[PDB]
């Protein structure tokens, strides 16, 4: 190891410690955070070979096996449910099919689960920002039956409720309603899991989606009739869930009907000077993706990864640039970030990939910030890491957390902490992430930015 690299390692160790100190002092200064729109329930079942074989045999083995080779990508019956699970096994492929049959939803609910967990980008961040970081959080919960409400951790997590004509903020467990359970059934299996002659080449999971409301970005009445009152209680907002929108719906609805409401919420937010952050998850429909780019000028910040940025370059960049962004080639990434800012004029773009983060901010000149991250060799959990990175950096920076790069450093600690411990309970635990070595390949990469850029 050359001394030029040993010194950089020493420097980044100090920056990480100071970035964590700064974040601990600024996070308490955030008046409140608004989180919308997607919250649901995640039901995890660890598949048992015998149980699954009994259920396949009971419903018709040939029917289920017919489906494996002729998948319908839409669960209309119990045999299509089992056939889809077995196909995810055979291929070791991550799959998710929508459940359009009430009868099998009863079968799913009856079949049960091993672990029950909050879902939706807005939901998981309510437990993080509110439960761990202790920031007053207002979260949008489309449907809040008892099963949904109990999944929020203790802390300053609130939902709006109407007391006749007044709006009140209460913990989700105190605002239970006779509403639908929005459950995503997640069936996990390891490598080697065998059912009849079907053996998994790798670990993976099959998801039976039984949630009609988040699929349409349903908004509950309190958020449509009391948004202004809600906005007065928050300083920041993080928006998500819009990646699902279809161009047309059976009842005649379009994506534009939902984005009209979203645009009205942004107008209210900007009127109160609330800083907003959009989570630009991969949006299959190209036209909806185009409308979301057109809506970014009303956002303060946007967060995305190599897949999501490459997907956006497919419609405002060139195919070659997208293919390089997808692989994390930093220079192509920087270009794509400037192309996105040129197209939208947004104030802040936060890019995260394996090894390093980037933040392009503008105001008095475009300024680029770069940090090498902390990679865990064997994560205990990998779900919600991306939301944790975007939310942590956004709340830390705009909380007065020490600047853009310091906010990225904190997000890198929060990501590493969640990975090595699985689930975070209090912010003090993130301190343990300081011991995770900083990615040296990314540290050396910064030398290339210092040559090209001056």
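Residue numbers count along the first chain shown, from 1.
- Taking the PDB entry as given, 396 to 404 carries the higher mean Cα B factor of the two stretches 32 to 40 and 396 to 404.
- Mean CA temperature factor is higher for 361 to 369 when stretches 361 to 369 and 170 to 178 are set side by side in the entry.
- When the Cα B-factors of 123, 355, 303, 72 are read from the PDB record, 72 comes out highest.
- Highest CA B-factor among 277, 93, 184, 140, as stated in the entry: 93.
- The entry lists a Cα temperature factor for residue 158 that places it in the lowest third of the chain's modelled residues.
- Ranked within its chain, residue 48 lands in the middle third, by CA B factor from the PDB record.
- Sort the modelled residues of the chain by CA B factor and residue 107 lands in the middle third.
- Placement of the Cα temperature factor of residue 227 within the chain: middle third of the modelled residues, per the deposited record.
- The deposited CA B-factor of residue 328 belongs to the lowest third of values across its chain.
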